[PDB]
Amino acid sequence: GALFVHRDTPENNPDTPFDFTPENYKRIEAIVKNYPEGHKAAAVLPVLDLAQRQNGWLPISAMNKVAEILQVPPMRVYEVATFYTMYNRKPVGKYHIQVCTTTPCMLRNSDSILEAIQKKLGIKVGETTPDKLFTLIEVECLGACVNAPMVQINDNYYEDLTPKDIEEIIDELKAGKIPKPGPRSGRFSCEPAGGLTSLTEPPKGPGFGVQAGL
Amino acid sequence: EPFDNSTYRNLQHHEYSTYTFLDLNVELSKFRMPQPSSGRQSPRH
Amino acid sequence: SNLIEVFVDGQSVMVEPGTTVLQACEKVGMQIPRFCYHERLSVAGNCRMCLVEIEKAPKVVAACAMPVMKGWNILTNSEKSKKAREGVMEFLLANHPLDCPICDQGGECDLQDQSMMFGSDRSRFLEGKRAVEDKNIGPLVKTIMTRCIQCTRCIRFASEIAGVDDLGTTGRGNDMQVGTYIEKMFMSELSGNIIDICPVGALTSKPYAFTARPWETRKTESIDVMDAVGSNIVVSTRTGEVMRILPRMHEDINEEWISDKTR
Amino acid sequence: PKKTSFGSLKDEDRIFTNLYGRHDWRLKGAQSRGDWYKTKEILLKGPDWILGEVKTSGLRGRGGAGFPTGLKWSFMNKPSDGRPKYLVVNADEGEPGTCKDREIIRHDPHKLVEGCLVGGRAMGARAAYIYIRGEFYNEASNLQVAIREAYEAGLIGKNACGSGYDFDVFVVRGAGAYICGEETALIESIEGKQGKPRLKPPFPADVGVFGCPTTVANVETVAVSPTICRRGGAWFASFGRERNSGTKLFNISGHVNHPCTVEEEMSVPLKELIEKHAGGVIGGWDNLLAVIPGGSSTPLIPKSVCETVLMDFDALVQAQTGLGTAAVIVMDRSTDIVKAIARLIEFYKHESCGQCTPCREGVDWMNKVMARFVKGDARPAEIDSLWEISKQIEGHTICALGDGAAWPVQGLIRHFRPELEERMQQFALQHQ
Ligand SMILES: Cc1cc2nc3c(=O)[nH]c(=O)nc-3n(C[C@H](O)[C@H](O)[C@H](O)COP(=O)(O)O)c2cc1C
Ligand code: SF4
Ligand code: SF4
Ligand code: SF4
Ligand code: FES
Ligand code: FES
Ligand SMILES: [K+]
């Protein structure tokens, strides 16, 4: 529903048990030290992201706990969590399925990919599987537009997707095998399918085209 | 050592972890010089 | 010596450098329409109604934030500015709820009055309006958040004149809502002042809620006695009864605010 | 004296020789390809020479602005004022059709950090905050690996490249937003608050990140900055039309046989670029219906304009559009133009930060109206109403997102109004 008002529930309550592991704590202080002294509030976005990693989804306790360590008032922490899309204020199921639906990737029939996921999973767009393995939602442009329709499984890009190719990806996740990041075609990253129309010569060594002066 | 233009040697991103970005950021902290101080400890303090 | 010179509607005006366009226009007497810009609070720019045309300049500038410089002719009543004001208000009234007969701000609503002066006489918005769930922030403040225009005046007041940071804006886009996320009463000795700064009926007073209309009350100046500060107030009386105690302006004693125990 | 037949660049002058990841993207490969070479001499030349050679290069902002990058970077030639000086590299790449920033980061990151290093020296900055978008986690980790390699090699850090300068690069990840691509919003999001853009009576050169001076620069612009220093502005100025120099990347996507990326010389014919690098429009060039020149913000142009138009700033400006980010999206005759544009407005509505009224309410209103247009449930008078609405939000918003969302509607209306008329008539007689 993407509602922006948190109502207290037994699952998501300010008393929900959450904290930071000691390894997470040293990561947090390294994050804060990246920013100038006196403006440690700048670490809100990365630190709040850290709470996401060790919890999957951040409850209100995680957003409160971020406020205490960073001295930021909880209201400002709540603003960041609701504004940015990645922060999952509601629990998600293991592998997060993000499908591009913007025009450049839809022009190459991205809905076929979305339909293929819908058929294999059986879960309608938006909800989560009963075994909490896949969470299928649609997302806007993710950069890789020159590549064919793609997904954003957890933290991996799977480009040049094709309706049967994503069937292989889904069962690999169902069996625990990790699909290889990258396009599911002959193209490696972004090169033309037919062949390299440029950069077909060894790059020139140091000093090439370098003026006398510098 | 050829002009192996048919190989995508950038495969290191495959075997990455959930904490990889923050991990090597922590290891990278010692190189960073001391940050400037704005005086007060916080804009509210 | 530092005073730079500007031309408000052509007439020369002496302005301290760093003065915003809006204050320069006020020097002549023209009051630029505004929603977000409150004099005491900071300047934000969400209002977008303070837009005005600077002469020989293609882009309409926001008078609430632009500092003037040498030789500027602030064309307040230029056609481009008037088209800008009508456009901005059209967006404001696009999703506003039809609550004027039942809204306490009726008769003293800045959105209502600025619609009469700087705004169109109809609507071309044949869509479905938005609705936002109400929030509770205490037994003092009426909160009909569907009428809010996200001027962030309440947010600025809470974080500047009140000191407590519990009012904010959650979400992005048109679905952005101003409130407190987790349910919590906005309680402070200056809490009731958010009723005054809010230009619409989104935040009104529960005790007085829909018991009188602004055009029918008689305003009588007086001095508060609840505290020793002696804040100047405007006691509004109708038919020999007391409904509202509104703050007055003194710029020394109470600025533009009163305590809740006063109100 | 004039290379009128602009285009068909050769591999020698290409900047990102490791664009497709066909060579070692670590420090060893980058130095092999010609990176981190005589960097100290660039540092010792002095910031004035770095700025001066950028003006000679005529480099324009390759991020959607096209500003005279030399003039912009000259804004911190002012003396010190106690406050620290900071540099910021934009790496959000949230505009649809834009993929160039992703490729340089994950295939030639060492050029980027060197770009921050020479860029910071020219502008006197203390550190560079590369704001990579949150989705590019693998790219960010790849970027940090290069940073660690540079730190160990002594190129960056205390006494950077053995030149006395102390420069650091913090790569800050995003949390998911297209508005974070905006410079002032990016400055805002770095500070930790909501990613709403800030008004500019002030400018990042004076007030910026943490209040200190800053300058948001695109990844491509900073990446090519060191090579400009090595090869000179004269070498860079040789390519491209006047005021249109450089070798801007191109992200071709849509209804093409092989959508791809190529670093082609600027002011290239649009037909030529699609034919060879991309492979031509699916179903032949005659199957083309419309093309997005430089991303969603840039208005579309029909095939008639597509017949002969040079891919640059000025040539597209007189073609009722803009270069933007050089994100060429083609749309064949099998493409529902109205549906495609409605999706773009849907993307903009889902990405507007909601701060200013015209972008908060106008884009949502334009989304609802365009949705009716796709179904045809409207009247011909609504087309004119959509035109007026798009103009009302144009130039009245805090950031250029409102103008970035109004332009596609203006582009669609002025080039495909008969298509809109036919659909509404089709809806009318069907529902009789
Ligand atoms: C909505 C919006 C999104 C933008 N996204 C980006 C972006 O992803 N990358 C970028 O380099 N510039 C982006 N820009 C442009 C920046 O605001 C800014 O003009 C530019 O980054 C400055 O660097 P440049 O001169 O090298 O282009 C965006 C602007 C707007 C209004
Ligand atoms: S706030 Fe103003 S416009 Fe809205 S219902 Fe009340 S009187 Fe009418
Ligand atoms: S509740 Fe009132 S003061 Fe607060 S943002 Fe909305 S209109 Fe402004
Ligand atoms: S145009 Fe949209 S994104 Fe930009 S400041 Fe205004 S509301 Fe925010
Ligand atoms: S278009 Fe599908 S990711 Fe941008
Ligand atoms: S008064 Fe300047 S924007 Fe509202
Ligand atoms: K009010």
# chains A, B, ... in the order shown; residues from 1 in each chain; ligands from 1

$ residues_around --residues "segment 22-37 of chain B" --least-positions-apart "2" --cutoff "10 Å" --atoms "only C-alpha atoms" --output "ChimeraX atom specification"
/A:23-24,26-31,33-39,46,50 /B:17-20,39-41 /D:83-84,126-127,141,144-145,147-149,151-152,154,156-158,166-171

$ write_last_selection --atoms "C-alpha atoms" --output "short mmCIF file (atom, residue, chain, number, x, y, z; two decimals), in the first residue's frame"
data_model
loop_
_atom_site.label_atom_id
_atom_site.label_comp_id
_atom_site.auth_asym_id
_atom_site.auth_seq_id
_atom_site.Cartn_x
_atom_site.Cartn_y
_atom_site.Cartn_z
CA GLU A 23 30.97 -5.52 13.52
CA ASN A 24 28.14 -3.25 12.40
CA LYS A 26 32.69 -0.35 13.89
CA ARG A 27 31.30 0.02 10.37
CA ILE A 28 28.98 2.76 11.63
CA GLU A 29 31.73 4.78 13.32
CA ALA A 30 33.83 4.52 10.16
CA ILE A 31 30.84 5.87 8.23
CA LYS A 33 34.17 9.64 10.51
CA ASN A 34 33.90 10.02 6.72
CA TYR A 35 31.90 13.22 7.28
CA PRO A 36 33.19 16.47 8.82
CA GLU A 37 32.99 16.81 12.58
CA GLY A 38 29.89 18.64 13.73
CA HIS A 39 27.77 17.41 10.81
CA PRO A 46 24.35 5.03 5.10
CA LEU A 50 23.32 -0.65 7.57
CA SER B 17 28.92 -9.90 -0.26
CA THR B 18 26.14 -7.97 1.45
CA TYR B 19 28.62 -6.03 3.61
CA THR B 20 31.34 -5.71 0.95
CA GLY B 39 33.51 23.98 15.98
CA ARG B 40 30.33 22.87 17.71
CA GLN B 41 29.56 19.16 17.98
CA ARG D 83 35.63 27.19 5.25
CA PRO D 84 36.81 23.95 3.63
CA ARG D 126 39.83 19.29 -0.08
CA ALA D 127 37.86 16.13 -0.88
CA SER D 141 32.18 -1.71 -4.54
CA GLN D 144 35.93 1.55 -3.81
CA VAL D 145 38.36 -1.17 -4.92
CA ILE D 147 40.03 3.89 -4.47
CA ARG D 148 41.84 1.46 -2.18
CA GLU D 149 44.32 0.65 -4.95
CA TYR D 151 45.35 4.96 -1.74
CA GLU D 152 47.89 2.15 -1.40
CA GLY D 154 50.06 6.83 -2.96
CA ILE D 156 45.57 9.90 -3.41
CA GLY D 157 45.64 10.80 0.26
CA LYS D 158 48.36 12.71 2.09
CA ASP D 166 46.12 16.14 0.30
CA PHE D 167 42.97 14.91 -1.45
CA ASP D 168 40.49 12.25 -0.35
CA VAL D 169 37.55 10.63 -2.13
CA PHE D 170 34.51 9.44 -0.19
CA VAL D 171 32.10 7.42 -2.32
#

$ residues_near_ligand --ligand "ligand 1" --cutoff "6 Å" --atoms "only C-alpha atoms and all ligand atoms" --output "PyMOL selection string"
chain D and resi 61-65+67+90-95+179+181-183+216-218+221+399-401

$ residues_near_ligand --ligand "ligand 5" --cutoff "10 Å" --atoms "only C-alpha atoms and all ligand atoms" --output "compact mmCIF listing (two decimals) with C-alpha atoms, in the first residue's frame"
# COMPACT_ATOMS: atom_id res chain seq x y z
CA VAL A 99 11.43 -5.07 -12.47
CA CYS A 100 12.05 -1.99 -14.59
CA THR A 101 8.89 -0.58 -16.16
CA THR A 102 10.25 2.68 -17.59
CA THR A 103 9.88 3.40 -21.29
CA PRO A 104 13.41 2.48 -22.52
CA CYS A 105 13.22 -0.99 -20.98
CA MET A 106 9.50 -1.42 -21.65
CA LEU A 107 10.00 -0.64 -25.35
CA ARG A 108 11.78 -4.01 -25.55
CA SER A 110 9.62 -5.77 -20.33
CA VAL A 139 10.55 -0.11 -10.17
CA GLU A 140 11.51 2.87 -12.31
CA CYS A 141 14.67 3.20 -14.41
CA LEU A 142 17.78 1.58 -12.93
CA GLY A 143 20.34 2.87 -15.43
CA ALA A 144 20.87 -0.26 -17.52
CA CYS A 145 18.57 0.86 -20.33
CA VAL A 146 20.77 0.00 -23.32
CA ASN A 147 20.54 -3.56 -22.03
CA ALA A 148 17.27 -5.40 -22.67
CA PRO A 149 14.61 -5.77 -19.91
CA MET A 150 16.26 -6.53 -16.59
CA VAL A 151 15.65 -7.11 -12.88
CA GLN A 152 17.24 -6.09 -9.58
CA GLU A 159 20.13 -7.75 -17.87
CA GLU D 93 22.34 8.38 -13.39
CA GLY D 94 18.62 8.24 -12.75
CA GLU D 95 17.41 9.68 -16.03
CA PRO D 96 15.77 6.97 -18.18
CA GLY D 97 17.95 5.84 -21.06
CA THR D 98 21.14 6.95 -19.30
CA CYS D 99 23.68 4.17 -18.73
CA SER D 253 18.28 1.93 -26.61
CA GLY D 254 14.77 1.03 -27.67
CA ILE D 329 15.86 6.14 -27.49
CA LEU D 344 7.54 8.81 -18.83

$ interface_residues --of "chain C" --to "chain B" --cutoff "12 Å" --atoms "only C-alpha atoms" --output "list in words"
residues 159, 160, 163, 164 and 165 of chain C

$ write_last_selection --atoms "N, CA, C and O atoms" --output "compact mmCIF listing (two decimals), in the first residue's frame"
# COMPACT_ATOMS: atom_id res chain seq x y z
N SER C 159 10.39 23.42 14.56
CA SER C 159 11.83 23.26 14.66
C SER C 159 12.57 24.56 14.95
O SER C 159 13.77 24.51 15.24
N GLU C 160 11.90 25.71 14.90
CA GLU C 160 12.57 26.98 15.13
C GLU C 160 12.04 27.69 16.38
O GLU C 160 12.82 28.00 17.28
N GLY C 163 11.27 24.41 19.22
CA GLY C 163 12.44 23.67 19.62
C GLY C 163 12.28 22.17 19.58
O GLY C 163 13.29 21.45 19.61
N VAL C 164 11.06 21.66 19.52
CA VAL C 164 10.81 20.23 19.47
C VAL C 164 10.68 19.81 18.01
O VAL C 164 10.03 20.48 17.21
N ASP C 165 11.35 18.71 17.66
CA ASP C 165 11.35 18.22 16.28
C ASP C 165 10.48 16.96 16.22
O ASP C 165 10.96 15.83 16.33

$ residues_near_ligand --ligand "ligand 6" --cutoff "9 Å" --atoms "only C-alpha atoms and all ligand atoms" --output "ChimeraX atom specification"
/C:22,32-38,43-51,61-66,151 /D:356

$ interface_residues --of "chain B" --to "chain D" --cutoff "6 Å" --atoms "only C-alpha atoms" --output "list in words"
residues 5, 7, 8, 10, 13 and 21 of chain B

$ residues_near_ligand --ligand "ligand 7" --cutoff "6 Å" --atoms "only C-alpha atoms and all ligand atoms" --output "list in words"
residues 105, 195, 196, 198, 199, 200, 201, 203 and 204 of chain C

$ select_by_dssp --residues "chain B" --states "helix (DSSP H, G or I)" --output "number ranges by chain"
B: 20-27, 29-31

$ write_last_selection --atoms "C-alpha atoms" --output "mmCIF file, in the first residue's frame"
data_model
loop_
_atom_site.group_PDB
_atom_site.id
_atom_site.type_symbol
_atom_site.label_atom_id
_atom_site.label_comp_id
_atom_site.auth_asym_id
_atom_site.auth_seq_id
_atom_site.Cartn_x
_atom_site.Cartn_y
_atom_site.Cartn_z
ATOM 1 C CA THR B 20 31.340 -5.706 0.951
ATOM 2 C CA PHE B 21 30.964 -1.965 0.337
ATOM 3 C CA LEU B 22 31.046 -1.044 4.019
ATOM 4 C CA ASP B 23 33.735 -3.653 4.724
ATOM 5 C CA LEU B 24 36.501 -2.250 2.529
ATOM 6 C CA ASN B 25 35.326 1.245 3.445
ATOM 7 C CA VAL B 26 36.313 0.465 7.044
ATOM 8 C CA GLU B 27 39.662 -0.962 5.934
ATOM 9 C CA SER B 29 39.593 4.521 6.944
ATOM 10 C CA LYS B 30 43.229 4.634 8.086
ATOM 11 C CA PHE B 31 44.338 6.334 4.862
#

$ residues_near_ligand --ligand "ligand 3" --cutoff "7 Å" --atoms "only C-alpha atoms and all ligand atoms" --output "PyMOL selection string"
chain C and resi 145+148-155+178+194+197-200+202-203

$ residues_near_ligand --ligand "ligand 2" --cutoff "7 Å" --atoms "only C-alpha atoms and all ligand atoms" --output "ChimeraX atom specification"
/C:96-100,102-107,109-112,147,200-202

$ closest_atom_pairs --of "chain C" --to "chain D" --cutoff "6 Å" --atoms "only C-alpha atoms" --output "tab-separated table"
residue	atom	partner	partner_atom	distance
C:46	CA	D:356	CA	4.5
C:66	CA	D:201	CA	5.0
C:87	CA	D:392	CA	5.4
C:91	CA	D:361	CA	5.6
C:172	CA	D:353	CA	4.8
C:173	CA	D:354	CA	4.2
C:174	CA	D:360	CA	5.2

$ write_last_selection --atoms "N, CA and C atoms" --output "compact mmCIF listing (two decimals), in the first residue's frame"
# COMPACT_ATOMS: atom_id res chain seq x y z
N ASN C 46 8.69 26.60 -0.90
CA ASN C 46 7.63 25.69 -1.32
C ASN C 46 6.39 26.41 -1.81
N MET C 66 14.98 35.60 -3.29
CA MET C 66 15.97 36.22 -4.16
C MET C 66 16.44 37.54 -3.56
N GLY C 87 -1.40 30.27 -12.40
CA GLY C 87 -0.98 28.89 -12.57
C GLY C 87 -0.68 28.21 -11.25
N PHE C 91 -2.79 25.00 -9.29
CA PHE C 91 -2.24 23.76 -8.73
C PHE C 91 -2.63 23.60 -7.27
N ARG C 172 7.21 11.24 -0.72
CA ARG C 172 7.55 12.13 -1.82
C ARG C 172 6.35 12.27 -2.75
N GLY C 173 6.50 13.13 -3.75
CA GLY C 173 5.45 13.30 -4.73
C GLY C 173 4.19 13.92 -4.14
N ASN C 174 3.10 13.76 -4.87
CA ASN C 174 1.81 14.24 -4.41
C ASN C 174 1.34 13.52 -3.15

$ residues_around --residues "segment 207-210 of chain C" --least-positions-apart "2" --cutoff "7 Å" --atoms "only C-alpha atoms" --output "ChimeraX atom specification"
/C:104,140,205,212,243-244

$ interface_residues --of "chain A" --to "chain C" --cutoff "9 Å" --atoms "only C-alpha atoms" --output "list in words"
residues 3, 4, 5, 6, 7, 8, 60, 73, 74, 75, 76, 78, 79, 80, 81, 82, 83 and 84 of chain A

$ atom_distance --atom1 "atom CA of residue 208 of chain D" --atom2 "atom CA of residue 80 of chain D"
15.1 Å

$ closest_residue --among "D:184, D:318, D:69, D:296" --to "chain A" --atoms "only C-alpha atoms"
D:296

$ decode --residues "segment 160-178 of chain D" --atoms "N, CA, C and O atoms" --output "PDB file, in the first residue's frame"
ATOM      1  N   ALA D 160      49.267  13.675  -2.281  1.00  0.00           N
ATOM      2  CA  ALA D 160      48.714  12.936  -3.408  1.00  0.00           C
ATOM      3  C   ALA D 160      49.651  13.000  -4.606  1.00  0.00           C
ATOM      4  O   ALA D 160      50.056  14.086  -5.033  1.00  0.00           O
ATOM      5  N   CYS D 161      49.991  11.827  -5.145  1.00  0.00           N
ATOM      6  CA  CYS D 161      50.889  11.699  -6.292  1.00  0.00           C
ATOM      7  C   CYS D 161      52.245  12.347  -6.027  1.00  0.00           C
ATOM      8  O   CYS D 161      52.933  12.776  -6.957  1.00  0.00           O
ATOM      9  N   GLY D 162      52.644  12.415  -4.761  1.00  0.00           N
ATOM     10  CA  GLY D 162      53.903  13.031  -4.396  1.00  0.00           C
ATOM     11  C   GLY D 162      53.990  14.489  -4.799  1.00  0.00           C
ATOM     12  O   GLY D 162      55.009  14.929  -5.339  1.00  0.00           O
ATOM     13  N   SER D 163      52.924  15.250  -4.545  1.00  0.00           N
ATOM     14  CA  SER D 163      52.866  16.647  -4.953  1.00  0.00           C
ATOM     15  C   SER D 163      52.493  17.584  -3.813  1.00  0.00           C
ATOM     16  O   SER D 163      52.263  18.774  -4.058  1.00  0.00           O
ATOM     17  N   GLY D 164      52.419  17.088  -2.579  1.00  0.00           N
ATOM     18  CA  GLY D 164      52.068  17.895  -1.435  1.00  0.00           C
ATOM     19  C   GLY D 164      50.579  18.042  -1.196  1.00  0.00           C
ATOM     20  O   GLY D 164      50.159  18.201  -0.045  1.00  0.00           O
ATOM     21  N   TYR D 165      49.772  17.992  -2.252  1.00  0.00           N
ATOM     22  CA  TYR D 165      48.330  18.116  -2.095  1.00  0.00           C
ATOM     23  C   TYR D 165      47.764  16.913  -1.352  1.00  0.00           C
ATOM     24  O   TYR D 165      48.188  15.773  -1.564  1.00  0.00           O
ATOM     25  N   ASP D 166      46.798  17.174  -0.477  1.00  0.00           N
ATOM     26  CA  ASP D 166      46.123  16.137   0.301  1.00  0.00           C
ATOM     27  C   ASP D 166      44.667  16.096  -0.147  1.00  0.00           C
ATOM     28  O   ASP D 166      43.879  16.981   0.196  1.00  0.00           O
ATOM     29  N   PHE D 167      44.313  15.067  -0.912  1.00  0.00           N
ATOM     30  CA  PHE D 167      42.971  14.907  -1.449  1.00  0.00           C
ATOM     31  C   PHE D 167      42.435  13.535  -1.074  1.00  0.00           C
ATOM     32  O   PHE D 167      43.164  12.540  -1.145  1.00  0.00           O
ATOM     33  N   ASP D 168      41.169  13.488  -0.677  1.00  0.00           N
ATOM     34  CA  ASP D 168      40.490  12.246  -0.345  1.00  0.00           C
ATOM     35  C   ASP D 168      39.199  12.135  -1.141  1.00  0.00           C
ATOM     36  O   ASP D 168      38.593  13.142  -1.515  1.00  0.00           O
ATOM     37  N   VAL D 169      38.782  10.901  -1.400  1.00  0.00           N
ATOM     38  CA  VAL D 169      37.553  10.631  -2.129  1.00  0.00           C
ATOM     39  C   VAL D 169      36.677   9.729  -1.269  1.00  0.00           C
ATOM     40  O   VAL D 169      37.059   8.597  -0.951  1.00  0.00           O
ATOM     41  N   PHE D 170      35.522  10.241  -0.863  1.00  0.00           N
ATOM     42  CA  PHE D 170      34.513   9.436  -0.194  1.00  0.00           C
ATOM     43  C   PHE D 170      33.400   9.127  -1.181  1.00  0.00           C
ATOM     44  O   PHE D 170      32.753  10.041  -1.698  1.00  0.00           O
ATOM     45  N   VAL D 171      33.181   7.848  -1.449  1.00  0.00           N
ATOM     46  CA  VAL D 171      32.102   7.415  -2.325  1.00  0.00           C
ATOM     47  C   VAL D 171      30.883   7.167  -1.449  1.00  0.00           C
ATOM     48  O   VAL D 171      30.865   6.239  -0.633  1.00  0.00           O
ATOM     49  N   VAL D 172      29.871   8.008  -1.601  1.00  0.00           N
ATOM     50  CA  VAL D 172      28.661   7.943  -0.794  1.00  0.00           C
ATOM     51  C   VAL D 172      27.565   7.296  -1.625  1.00  0.00           C
ATOM     52  O   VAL D 172      27.323   7.698  -2.768  1.00  0.00           O
ATOM     53  N   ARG D 173      26.912   6.293  -1.059  1.00  0.00           N
ATOM     54  CA  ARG D 173      25.840   5.594  -1.743  1.00  0.00           C
ATOM     55  C   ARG D 173      24.514   6.316  -1.544  1.00  0.00           C
ATOM     56  O   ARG D 173      24.271   6.956  -0.520  1.00  0.00           O
ATOM     57  N   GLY D 174      23.653   6.209  -2.554  1.00  0.00           N
ATOM     58  CA  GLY D 174      22.312   6.740  -2.480  1.00  0.00           C
ATOM     59  C   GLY D 174      21.352   5.759  -1.829  1.00  0.00           C
ATOM     60  O   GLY D 174      21.695   4.631  -1.490  1.00  0.00           O
ATOM     61  N   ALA D 175      20.115   6.220  -1.660  1.00  0.00           N
ATOM     62  CA  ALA D 175      19.066   5.402  -1.069  1.00  0.00           C
ATOM     63  C   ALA D 175      17.865   5.249  -1.989  1.00  0.00           C
ATOM     64  O   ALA D 175      16.804   4.806  -1.539  1.00  0.00           O
ATOM     65  N   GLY D 176      17.996   5.632  -3.253  1.00  0.00           N
ATOM     66  CA  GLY D 176      16.968   5.397  -4.245  1.00  0.00           C
ATOM     67  C   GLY D 176      16.110   6.615  -4.506  1.00  0.00           C
ATOM     68  O   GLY D 176      15.136   6.861  -3.790  1.00  0.00           O
ATOM     69  N   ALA D 177      16.450   7.365  -5.551  1.00  0.00           N
ATOM     70  CA  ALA D 177      15.692   8.531  -5.977  1.00  0.00           C
ATOM     71  C   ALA D 177      16.269   9.026  -7.290  1.00  0.00           C
ATOM     72  O   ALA D 177      17.487   9.012  -7.476  1.00  0.00           O
ATOM     73  N   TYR D 178      15.396   9.454  -8.197  1.00  0.00           N
ATOM     74  CA  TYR D 178      15.876  10.111  -9.402  1.00  0.00           C
ATOM     75  C   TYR D 178      16.184  11.577  -9.144  1.00  0.00           C
ATOM     76  O   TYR D 178      17.091  12.135  -9.769  1.00  0.00           O
TER      77      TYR D 178
END
